[PDB]
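We begin with a single chain expressed as structure tokens, specifically the form deposited in one PDB entry.
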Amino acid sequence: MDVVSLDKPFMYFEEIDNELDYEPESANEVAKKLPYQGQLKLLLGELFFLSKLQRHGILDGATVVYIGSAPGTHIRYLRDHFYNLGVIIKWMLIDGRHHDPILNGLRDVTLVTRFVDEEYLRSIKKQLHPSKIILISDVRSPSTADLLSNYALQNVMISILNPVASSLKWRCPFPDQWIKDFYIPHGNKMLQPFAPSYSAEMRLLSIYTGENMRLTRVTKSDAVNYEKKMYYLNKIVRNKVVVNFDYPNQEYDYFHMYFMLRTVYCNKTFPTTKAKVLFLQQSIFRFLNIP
């Protein structure tokens, strides 16, 4: 067995303290080991992001504009969690595909079947006015050309919507498929437990202060670094059994999930963080029908 003792898991990209040469054969390896693993991946990251905003007092009264939301099964859980905590939020889910019917019939949630373009972004901005907007983007085109186009759309979402905070999908294109350097918004590069086995995708979390928008350039050399750090995390780290983690499941991803879930607020009072987490995880797995 692949055992180890860890104090904490890597929460952000910057924390990854080692790298490995990406082995292209890894793309043939089993990408997922849990049913509905993708909805779980999204649910944990968005619960993490939103709980943070609540902590900063910027969630209540906001309209959450989620682009690339369909099917959105896991979003039903997110909505219920904050709704039951008393937080007042309007959800606007936009995708060209249809949403899971469990999302219908909620006065606080608007479903839109539209592929967004800059022009459409302008109209919903005028229509949302004057509510404070929190943007969550998970749009999908993929080629380096596809990626760049997605990142270009995400930056236009921020400039037109002018959100108070944002969570953006972020996967650096492969250095060997580099087209040109580009800019992404400045934010925390949140690592994702239950991401596919060899995925180099993270979520870019930003909170907007003042009327400024800080961007950061991404070069091919950055692309090489992303690839090696993420490869090391996926191949080595995520395959560890954290033996000093006293929890029903000790695999790295559960240890990592524990640290995100410990930041989530509940109405129920627990004697320990472990009890709250086991509770939230049990709850999340039951909702998603994950054994």
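In case it trips you up, residue 1 is the first one in the sequence shown, and so on.
If you look for the form deposited with a small molecule bound, you will not find it shown, but the lines that follow are about it.
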Quiz prompt | Three-residue site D60, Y83 and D108 fully in contact with the small molecule in the deposited bound form at 4.5 Å by heavy atom | solution = no
Quiz item: Looking at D176, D146, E119, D181, which is the one with a non-hydrogen atom within 4.5 Å of the small molecule in the deposited bound form?
Solution: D176
Quiz item: Among the candidate residues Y208, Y77, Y198, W91, which is the single one with a non-hydrogen atom no more than 4.5 Å from the small molecule in the deposited bound form?
Solution: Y198
Quiz item: Does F13 reach the small molecule in the deposited bound form, with heavy atoms at most 4.5 Å apart?
Solution: no
Exercise. Answer with yes or no whether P101 is in contact with the small molecule in the deposited bound form, where contact means some heavy atom within 4.5 Å.
Key: no
Exercise. Decide whether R171 counts as a contact residue for the small molecule in the deposited bound form under a heavy atom distance cut-off of 4.5 Å.
Key: yes
Quiz item: Though only this chain appears here, would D253 touch the small molecule in the deposited bound form if you measure heavy atom gaps against 4.5 Å?
Solution: no
Practice problem: Would you mind picking out the stretch of 240-248, 48-56, 22-30, 253-261 that comes within 4.5 angstroms of the small molecule in the deposited bound form, counting non-hydrogen atoms? | Solution: 22-30
